[PDB]
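Only one structure is covered here, and it is reproduced in the block below.
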Ligand SMILES: NC[C@@H]1CN(c2ncnc3[nH]c4cnccc4c23)CCO1
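Numbering (UniProt numbering), first residue to last: 7 to 42, 52 to 76, 79 to 270.
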């Protein structure tokens, strides 16, 4: 019942996250502090999956969210700049990311800001999707609603979000998962944003894969990236088809 605030884990816009330890059980949890979030709590209440940060509850005093503590830090910190990480680790992380994203989409939730900073690791390096502050419902009563608000993080957002007034939620999270995979395999982000004024993005659309970061990436995972980082959201590979991808299914290590 009584928790000691041991240390700060991370900072956010509207607050900070602190590690809290139970005085009796010594259980660790993370506490997200927000000095007024209503939708974040609501969405968190729906979530129950092994690749999504668990929600234990909240107390209003300033709002306090009680969330799963992930001692392994963030995926961001397993990526060596300009190098990435070993391909078998990247594949395992990507499998776990798809599992989390499939779950969310299955309950009609889109995260909207998938990036390595938001993908946390537990003590066994299991990936956990965190931070549902930008998340929203895109399906309800089996009826899809198109999105129109721009949010997320420029290097990770899909090009339709910049160009179209309305867009489907799922292909946007698929795209950001592809940017995450690129980062894991090349240790660099391919562009500032996916717009026609961005030279690196133009190069990609013209298939200059002899340039970085694409030249650091083996042809198998690169063929999967060619299917994810497709400009037309309607032509973009879906998750069920990602699960059928050759590299996705390649035994590694
Ligand atoms: N960018 C990550 C860092 C450290 N971080 C975390 N660190 C450890 N465990 C956590 N569990 C969480 C549940 N929800 C949100 C965040 C965490 C969290 C907080 C954010 O800044």
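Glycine is no exception: its CB is placed at the ideal position from the N, C-alpha and C atoms.
Among the options, nearest to residue i - alpha-carbon criterion
i, options, result
"residue 167", "151, 158, 157", "151"
"residue 230", "98, 266, 255, 65", "98"
"residue 9", "15, 19, 30", "30"
"residue 249", "235, 269, 189", "189"
"residue 148", "11, 186, 119, 62", "62"
"residue 93", "110, 236, 53", "110"
"residue 20", "11, 41, 32, 12", "41"
"residue 127", "172, 194, 181", "194"
"residue 169", "159, 54, 58, 134", "134"
"residue 251", "184, 95, 64", "184"
"residue 2", "161, 199, 209, 57", "In the structure displayed, the chain extends from 7 to 270; residue 2 sits before or after that span and is not available."
"residue 52", "222, 153, 225", "153"
"residue 45", "16, 146, 142, 107", "Coordinates for residue 45 are lacking, as the chain steps from 42 to 52 with nothing built in between."
"residue 112", "191, 210, 208", "191"
"residue 210", "65, 120, 142, 174", "174"
Alpha-carbon to alpha-carbon, residue j and residue i
i, j, result
"residue 137", "residue 216", "31 Å"
"residue 71", "residue 232", "44 Å"
"residue 261", "residue 163", "27 Å"
"residue 197", "residue 115", "11 Å"
"residue 38", "residue 68", "12 Å"
"residue 177", "residue 7", "47 Å"
"residue 60", "residue 144", "20 Å"
"residue 214", "residue 90", "35 Å"
"residue 104", "residue 75", "44 Å"
"residue 81", "residue 73", "5 Å"
"residue 228", "residue 28", "51 Å"
"residue 100", "residue 200", "9 Å"
"residue 235", "residue 263", "13 Å"
"residue 187", "residue 54", "19 Å"
"residue 132", "residue 58", "19 Å"
"residue 172", "residue 221", "14 Å"
"residue 118", "residue 258", "14 Å"
"residue 79", "residue 34", "21 Å"
Residue j beta carbon less than 7 Å from that of residue i
i, j, result
"residue 139", "residue 87", "yes"
"residue 179", "residue 212", "yes"
"residue 202", "residue 238", "yes"
"residue 36", "residue 84", "yes"
"residue 254", "residue 244", "yes"
"residue 16", "residue 96", "no"
First through last residue of the beta strand (DSSP E) which encompasses residue i
i, result
"residue 75", "70-75"
"residue 14", "9-17"
"residue 27", "22-28"
"residue 80", "80-85"
Span of the alpha helix (DSSP H) around residue i
i, result
"residue 35", "Counting along the chain, residue 35 falls outside any alpha helix (DSSP H), though it belongs to the beta strand (DSSP E) covering 34-40."
"residue 145", "From DSSP, residue 145 is part of no alpha helix (DSSP H) but of the beta strand (DSSP E) over 144-146."
"residue 149", "That residue, residue 149, is in no alpha helix (DSSP H); it is neither H nor E in DSSP."
"residue 120", "104-123"
"residue 137", "No alpha helix (DSSP H) holds residue 137; the beta strand (DSSP E) holding it covers 136-138."
"residue 61", "53-61"
"residue 4", "No answer is possible for residue 4: the residues shown for the chain start at 7 and end at 270."
Which residues, in chain order, sit with a beta-carbon under 6 Å away from any heavy atom of ligand 1? What you get when you keep residues with a C-beta closer than 6 Å to any heavy atom of ligand 1 is 15, 16, 23, 36, 38, 68, 84, 85, 86, 87, 91, 134, 137, 147, 148.
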